[PDB]
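J.: Return a 3D structure for these sequence lines:
(one chain, ligands or ions: 1)
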Amino acid sequence: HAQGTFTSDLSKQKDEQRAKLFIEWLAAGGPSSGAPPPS
Ligand SMILES: *C(=O)CC[C@H](NC(=O)CC[C@H](NC(=O)CCCCCCCCCCCCCCC)C(=O)O)C(=O)O
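T.: Numbers count the residues shown, from 1 in each chain. Below is the structure:
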């Protein structure tokens, strides 16, 4: 539905930011960094 397009895009926008924070956390060390992951 119209929502299907938007909710999926809006989550893609957010999911992307969430994933990018996870990548920046992996770059920081991942479990090695010491900081919990963005979760
Ligand atoms: C971005 O585009 C918008 C996305 C947004 N969706 C969410 O925020 C979904 C979050 C939701 N989690 C929570 O809201 C946190 C609370 C979860 C509570 C779970 C309760 C489970 C048991 C309930 C039993 C009820 C029994 C009957 C009572 C009469 C999630 O993870 O989905 C949006 O706006 O859609």
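J.: CA atoms for contacts and neighbours, from now on please.
T.: Fine.
J.: any idea whether residue 38 is helix, strand or coil?
T.: State at residue 38, reduced to three classes by DSSP: H, G, I helix; E, B strand; the rest coil: coil.
J.: So it versus residue 3, what's the distance?
T.: 27 Å (CA to CA, to the nearest Å).
J.: Off-centre distance for stretch 32-39?
T.: Remark: stretch 32-39 is offset 13 Å from the chain centroid, using CA atoms, centre = their mean, to the nearest Å.
J.: what about dumping the CA coordinates of that stretch to PDB?
T.: Taking C-alpha atoms only, stretch 32-39 is exported to PDB below (Å, rounded to 0.1, in the frame of the first residue of the first chain):
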ATOM      1  CA  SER A  32      36.700  -4.800  21.300                       C
ATOM      2  CA  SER A  33      35.900  -1.100  21.600                       C
ATOM      3  CA  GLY A  34      34.400  -1.500  25.100                       C
ATOM      4  CA  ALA A  35      31.300   0.600  24.300                       C
ATOM      5  CA  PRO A  36      28.100  -1.500  23.900                       C
ATOM      6  CA  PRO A  37      26.800  -1.600  20.300                       C
ATOM      7  CA  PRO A  38      24.000   0.900  19.200                       C
ATOM      8  CA  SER A  39      21.300  -1.500  20.400                       C
END
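J.: Which of residue 38 and residue 3 has more residues huddled nearby?
T.: residue 38 (12 against 9; other CA atoms under 10 Å).
J.: Does that one touch residue 18 like I think?
T.: Yes: look at residue 38 against residue 18 with CA atoms under 8 Å: they come within range, at 7.3 Å.
J.: Which stretches in the protein count as helices?
T.: Using DSSP state H, the helices of the chain run over 2-28.
J.: and the gap between the spatially most central residue of it and the ligand?
T.: Central residue of the chain (CA atoms, centre = their mean): residue 18, 1.5 Å from the mean position. Distance from residue 18 to the ligand, counting by CA to the nearest ligand atom, to the nearest Å: 12 Å.
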